[PDB]
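[1] Give me the fold of what follows.
(one chain, ligands or ions: 9)
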Amino acid sequence: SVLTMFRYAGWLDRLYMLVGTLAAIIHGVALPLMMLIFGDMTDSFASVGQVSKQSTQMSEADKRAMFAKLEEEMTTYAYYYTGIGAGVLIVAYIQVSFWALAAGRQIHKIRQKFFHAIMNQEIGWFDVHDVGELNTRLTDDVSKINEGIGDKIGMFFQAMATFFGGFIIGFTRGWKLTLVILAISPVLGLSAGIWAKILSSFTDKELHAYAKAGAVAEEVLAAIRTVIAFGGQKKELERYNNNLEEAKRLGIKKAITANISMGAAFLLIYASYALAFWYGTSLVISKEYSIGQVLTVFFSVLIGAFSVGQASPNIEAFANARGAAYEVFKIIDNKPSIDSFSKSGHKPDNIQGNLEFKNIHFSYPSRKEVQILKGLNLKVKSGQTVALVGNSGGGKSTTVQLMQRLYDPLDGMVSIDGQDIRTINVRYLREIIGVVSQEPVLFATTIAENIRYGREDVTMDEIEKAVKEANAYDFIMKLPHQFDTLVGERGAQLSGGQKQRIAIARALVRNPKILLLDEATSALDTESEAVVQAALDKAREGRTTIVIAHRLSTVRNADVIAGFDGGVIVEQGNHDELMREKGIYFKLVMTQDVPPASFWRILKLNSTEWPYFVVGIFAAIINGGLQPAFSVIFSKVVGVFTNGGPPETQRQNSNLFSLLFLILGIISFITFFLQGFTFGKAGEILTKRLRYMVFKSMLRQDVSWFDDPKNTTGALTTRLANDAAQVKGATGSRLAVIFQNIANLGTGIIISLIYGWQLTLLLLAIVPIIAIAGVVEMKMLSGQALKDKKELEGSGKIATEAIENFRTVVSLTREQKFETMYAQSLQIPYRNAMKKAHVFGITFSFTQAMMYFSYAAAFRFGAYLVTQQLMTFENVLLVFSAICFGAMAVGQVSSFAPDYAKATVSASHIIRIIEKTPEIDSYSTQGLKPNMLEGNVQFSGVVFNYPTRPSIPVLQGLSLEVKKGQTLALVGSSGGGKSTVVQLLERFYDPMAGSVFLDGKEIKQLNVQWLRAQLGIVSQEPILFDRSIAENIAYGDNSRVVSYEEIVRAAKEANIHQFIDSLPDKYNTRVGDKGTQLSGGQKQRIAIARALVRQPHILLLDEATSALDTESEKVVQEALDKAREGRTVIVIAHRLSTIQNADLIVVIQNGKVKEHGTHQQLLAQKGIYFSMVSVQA
Ligand SMILES: CCCCCCCCCCC(CCCCCCCCCC)(CO[C@H]1O[C@@H](CO)[C@H](O[C@@H]2O[C@@H](CO)[C@H](O)[C@@H](O)[C@@H]2O)[C@@H](O)[C@@H]1O)CO[C@H]1O[C@@H](CO)[C@H](O[C@@H]2O[C@@H](CO)[C@H](O)[C@@H](O)[C@@H]2O)[C@@H](O)[C@H]1O
Ligand SMILES: CC(C)CCC[C@@H](C)[C@H]1CC[C@H]2[C@@H]3CC=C4C[C@@H](OC(=O)CCC(=O)O)CC[C@]4(C)[C@H]3CC[C@]12C
Ligand SMILES: CC(C)CCC[C@@H](C)[C@H]1CC[C@H]2[C@@H]3CC=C4C[C@@H](OC(=O)CCC(=O)O)CC[C@]4(C)[C@H]3CC[C@]12C
Ligand SMILES: CC(C)CCC[C@@H](C)[C@H]1CC[C@H]2[C@@H]3CC=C4C[C@@H](OC(=O)CCC(=O)O)CC[C@]4(C)[C@H]3CC[C@]12C
Ligand SMILES: *SC[C@@H]1NC(=O)c2csc(n2)[C@H](C)NC(=O)c2csc(n2)[C@H](C)NC(=O)c2csc1n2
Ligand SMILES: Nc1ncnc2c1ncn2[C@@H]1O[C@H](COP(=O)(O)OP(=O)(O)OP(=O)(O)O)[C@@H](O)[C@H]1O
Ligand SMILES: Nc1ncnc2c1ncn2[C@@H]1O[C@H](COP(=O)(O)OP(=O)(O)OP(=O)(O)O)[C@@H](O)[C@H]1O
Ligand SMILES: [Mg+2]
Ligand SMILES: [Mg+2]
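    Numbers count the residues shown, from 1 in each chain. Ligands and ions are numbered 1, 2, ... in the order given. See below for the structure:
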């Protein structure tokens, strides 16, 4: 799969690439042609003149005239060099700008198509794969592609042109010697190819490891409340660290192989030098060639050899890009069997729903050996209501998922109006179906936008009508900003009942002819449930509905009732018929200033491996100084080779130069490898340390930090990955080349000051000018860098919001809306990339142009000095070479400066997140750890305000008391603050008024880890992790290796053990992301077991039996009653029996305690609890 990286290159894109390639060819061949112009004559020296006093030459007047002639020749050469500099100015800008624009367009289209491909997959594909990596891909791999299809290919083609044009000039002049060097060239090609293949494979593995780490981080951050409650920060940090170690090892291998490749290239270049000199000597004694011929060949070929040796980093970048582009285009090329974006299907104009399920056999793709439905049969007529009843894991949610065709059945047929649903358009099929899931999931936006996700072209009046139909109007009206209130991830900033009612309204605005309600009133209370049922009954004739529920009134009111038993339906009829059939339904009803200093600050964290720094520095000075030193050595060797005054063997003896060239090649190989490897290893270790430290700091943060809309899970993951990537991009094998260039400039200055003088004053003139160019570029790029970061975060958020909630997006047919949102988010980075392309291309063109222009100015000034006889003609060439190398060094440093600007802000953000301290420090060892606690919980006038909505009073100073062995039942309406009490007792937030005492001690004076370890909580929405069942249960009691036997007994205590035993792989069965690959009852029971394995002193239950059977509820209640005394228990529920069985009951009216006492005490008085118990009875 090669050249797939350019799959999305259009006509304009290909034109940009072609013109950039042509400009690269011209720019590359400019140099060998310029040296051949010097080779137009034999000696490259217009006249020996005074330097040769071989003949008497006693002319004091004619020497002045021939000096004037030399000045004229130098002036003509300077004019030619100025023209070549202008041409270079044009061509370098053209090539870099065109290639960078091409890369930007391809990256934009690749991101768009990758997101489209991700949104185009099936539910089963999302179940099989760890989709948590995908976002990291969108952030990381595409970027690795961007630095491999940009300016790097332009530079590679330029150096290829230099090399091959020099070789063509060689075939023109000295074909035999040129063929001898082109015989060595294949070794360079083979080495480059092999090392590029190895580097691409290593990059693929490293990016896989980074994607694994990103998936781990995304899962941990999405469930940060569970991690904080159970104190799992260390374990998640270790899980991140394992993938960090793998990525670090792969990066070290990548650096090793890249530096081997570069050093081998340089060694081969020097070996080509040595062999060319040998063969030229051999031919120049045999009289086959003249001295001018072999010098011409040398000057034509060897500089291009150096050019390819310098080019090899672009090959490294292209190999990294190819390694990155593997999984992206593997996912892009995947074709789902159920295509939601296909336009080929039937679209019936009139559909009176006739849901038929004919001998349906189904098994989930992730767990395919287990059978769920075995010949399911159902016939639902138009406008009727069917109530699906059974036990947990029976397959009711499976039937709901099959109705909307999230999966296809292996056997059987699902049809509507006698038409099989596989022949109907998938988008049209899911558009006529409105579904409310077992535990709904919203999106991190306003309430109005969440409602509009059901149907986009919806007016505000009918939104209001649907919200009234869902009994949600009152609390939205009480909310400031109305329906523009922002809700957290998955509706985390709304209560369970409010979130469920918002989901109901979202389903209702769809105006569905097929309604699916999978426990739509699980989190509702009596009044809201009653009014919602009345509202649904008002408009029940128009549509056909399927309902799964726990309350008996809604099951009785259904037109027909179906009962699940072992994958089939065993009872199907009216309520009276099933009542008189004494079946399963019978026993169910019976049972009742962005500082620049930040760079150095981050590099100070890299001080542990300082020997790598010093070794790399030494090697960088060695090679950077060797380059101008080799410029002098080559000139001296050429001069000695020309002066063959002793005739032949003296010159065979000059083979010592091939020795010296081989020695220099060995030294260059060793030093280049050593410098690159040391810097790359230190930088990769720094990258690991930054990832680890930033993730640890993120885990240290408070719940309010994650409640901030800007600290979204996708935003957090994108921030982490991108900040680390930028700092790595400025701290890899690149700082080495800045040190090498500094050494190059220093050595050039030294050699120009030794051999000559008054010409280095020109070098001190060029160093400012070129630098100032990069300077402004740097500033400008920094001016946009921050913006880009922000935009990327936003884009990342959208992508994660689409991936973490993919089932909801598929059910809502909102994939196109999220694609449009992703494109709108990516809009700003696109224009930023185009502008940066233009600016950096201008910078490169300016650097090369001033290189050439200052070289011409050096010609002019040196000619003036020679005419004045202030400084000899022989040494001007070495000073000119030093000027050229210094200009190249400064230009390369200025080219680096953009990356320094881009990573300065990332380093600042990294330092900011590291040094941030939360208000409630979960990592602090300071605090009070009582030796033994009695478990007495007391809220004393606690007033709490949520930081995201600070004005709204949630708790207005309610008093609460519960003792050891007591059970406290918190009752109230939705939004009253029952879960707020649980979240406050976990020290998620600190109340501003009032205080919570645990055995008389304020919870702010205790160690937060110790306090959290004393409490076991079951949340309103249980959340598991994408790992094994046993690992999920053992996650309850961290800081201790939980044994298998106690996991088994905790599962037994939660009535989930039998289901685990029935599963293949038993307790090693992997659960999906957030528990999505489990039944709601099974997931809730596993959460209960996770809480119970702790054996906590303070048990907190928040609707812990929201989705359980009568059998499961009875078993769990008996298990809790076994251990009532000896632990304090607080329970939030709307079931009458659970509340009336508790020791004490507290009623919370809009945040205040209103009634407190036993069940009989509250029943005897005529209050709201009496009203509830009377309504239920
Ligand atoms: C180290 C720092 C150096 C300085 C840093 C920044 C330098 C920015 C210069 C880069 C530069 C010229 C590059 C030529 C260089 C020559 C060789 C270089 C030799 C180097 C020694 C990009 O080139 C522009 O040229 C345009 C045509 O000339 C092209 O327009 C496209 O062509 C087709 C494409 O598909 C299509 O038809 C179509 O898409 C376009 O028509 C584009 O190619 C591009 O926009 C100009 O950039 C900037 O120029 C200024 C004009 O003042 C513009 O200001 C704005 O213009 C209004 C627009 O709305 C605004 O309203 C106004 O608010 C503001 O005034 C900017 O917009 C921007 O363009
Ligand atoms: C070694 C490194 C540093 C440089 C490698 C050179 C590439 C940048 C050049 C070589 C050949 C060029 C390609 C020649 C032909 C094509 C196929 C063309 O797409 C197709 O026709 C493929 C089928 C499809 O449309 O899906 C897109 C441009 C592309 C990849 C060109 C893009 C630029 C390529 C890959
Ligand atoms: C010394 C002069 C002659 C220049 C040296 C480079 C060239 C000889 C060119 C011609 C063929 C080119 C190669 C042709 C194809 C590839 C594979 C391409 O993809 C891979 O890295 C393969 C990875 C994999 O298959 O897993 C990357 C660029 C590379 C090595 C090219 C690198 C540059 C090469 C060696
Ligand atoms: C005129 C001069 C420059 C010599 C002309 C020949 C070279 C340009 C050719 C001859 C043999 C070629 C090599 C033959 C085979 C390979 C292995 C190849 O490896 C892969 O990409 C393998 C990928 C896979 O197997 O999946 C990379 C290019 C390379 C080094 C080639 C690079 C270009 C070479 C040196
Ligand atoms: S300065 C960058 C580039 N030159 C080299 O890479 C290089 C390696 S070795 C070498 N030059 C020897 C010392 N060159 C000569 O002896 C020589 C004779 S004539 C000449 N160089 C002309 C003046 N050089 C250039 O035009 C030139 C531009 S860039 C460049 N060399
Ligand atoms: N995405 C999935 N991948 C694999 N197995 C799954 C998936 N979803 C559910 N299961 C399993 O398939 C079986 C059927 O569960 P299902 O969700 O259909 O039950 P249910 O009737 O909706 O139950 P509940 O009353 O608890 O909501 C269970 O064993 C469950 O763990
Ligand atoms: N993270 C949050 N940020 C802001 N407001 C919140 C947050 N969580 C809950 N709220 C709001 O606080 C109020 C009560 O929330 P809470 O979850 O404590 O209620 P509850 O009594 O447990 O409700 P329910 O019975 O519906 O689960 C509601 O107005 C709710 O929208
Ligand atoms: Mg279910
Ligand atoms: Mg709640």
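[2] any residue of the longest helix seen in the chain up close to ligand 1?
    Ranked by residue count and defined by DSSP state H, the top helix of the chain is helix 62-120. Yes: residues of helix 62-120 contacting ligand 1 under CB under 6 Å from any ligand atom: 89, 93. Every C-beta, even on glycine, is put in place using the N, C-alpha and C of the backbone.
[3] That helix - contacts with which helices or strands?
    Helices and strands touching helix 62-120, by 3 or more CB pairs under 8 Å, 6 or more residues apart in numbering; DSSP states H and E, are helix 11-38, helix 132-146, helix 151-182, helix 291-332, helix 760-804, helix 815-867.
[4] Tabulate those (CSV), appending mean neighbour count and distance to residue 188.
    What follows is the helices and strands packed on helix 62-120, written out as CSV (neighbours: other CB atoms under 10 Å; distance: least, CB to CB, whole Å):
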stretch, mean neighbour count, distance to residue 188
helix 11-38, 19, 16
helix 132-146, 24, 25
helix 151-182, 22, 9
helix 291-332, 22, 7
helix 760-804, 19, 31
helix 815-867, 20, 25
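[5] I'd like those laid out as a markdown table, including distance to residue 1010.
    Listed next are these as a markdown table, based on distance: least, CB to CB, whole Å:
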| stretch | distance to residue 1010 |
| --- | --- |
| helix 11-38 | 61 |
| helix 132-146 | 32 |
| helix 151-182 | 55 |
| helix 291-332 | 44 |
| helix 760-804 | 32 |
| helix 815-867 | 43 |
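[6] Go ahead and flag the most central residue of the chain.
    By CA atoms, centre = their mean, the chain has its centre lying nearest to residue 136, at 2.6 Å.
[7] List the contacts of that one.
    By CB atoms under 8 Å, 6 or more residues apart in numbering, residue 136 lies in contact with 210, 211, 213, 214, 215, 218, 717, 721.
[8] do the same with residue 223
    Applying CB under 8 Å, 6+ apart to residue 223 gives the contacts 1023, 1025, 1074.
[9] just residue 608 next, same as before
    Counted by CB under 8 Å, 6+ apart, residue 608 has contacts residue 685.
[10] Report the separation between it and residue 598.
    Residue 608 sits 19 Å away from residue 598, going by CB to CB, to the nearest Å.
[11] And residue 313, by the same measure?
    Residue 313 is 26 Å from residue 598, where distance means CB to CB.
[12] And for residue 660?
    Taken as CB to CB, the span from residue 660 to residue 598 is 45 Å.
[13] In terms of packing, which of the two has more residues around it?
    Counted by other CB atoms under 10 Å, residue 660 and residue 598 do not tie: residue 598 has more neighbours, with 20 against 16.
[14] Give me every residue in the stretch 351-500 of the chain lying close to ligand 6.
    For the stretch 351-500 of the chain, the residues in contact with ligand 6 (CB under 6 Å from any ligand atom) are 364, 366-367, 372, 390, 392-398, 438.
[15] For the helix or strand hosting residue 912, buried residues please.
    Under the criterion of DSSP states H and E, residue 912 resides in helix 876-915. Across helix 876-915, burial judged by 16 or more other CB atoms under 10 Å covers 876-911, 913.
[16] Write out the residues of the stretch 1-150 of the chain neighbouring ligand 3.
    residue 2.
[17] Show me what residue of the stretch 1-150 of the chain gets nearest to ligand 3.
    residue 2 (5.7 Å; CB to the nearest ligand atom).
[18] For ligand 4, see how far away the closest residue to that residue other than its chain neighbours is.
    Excluding its sequence neighbours, the residue lying closest to residue 2 (CB to CB, 6 or more residues apart in numbering) is residue 322, at 7.1 Å. From residue 322 across to ligand 4, the span is 9 Å (CB to the nearest ligand atom, to the nearest Å).
[19] gap between residue 322 and residue 716?
    For residue 322, the distance to residue 716 equals 30 Å [CB to CB].
[20] One more: residue 733?
    Applying CB to CB to residue 733 and residue 716 gives a distance of 29 Å.
[21] These two: which is more packed in?
    Between residue 733 and residue 716, counting by other CB under 10 Å, residue 716 is the more crowded of the two (28 against 24).
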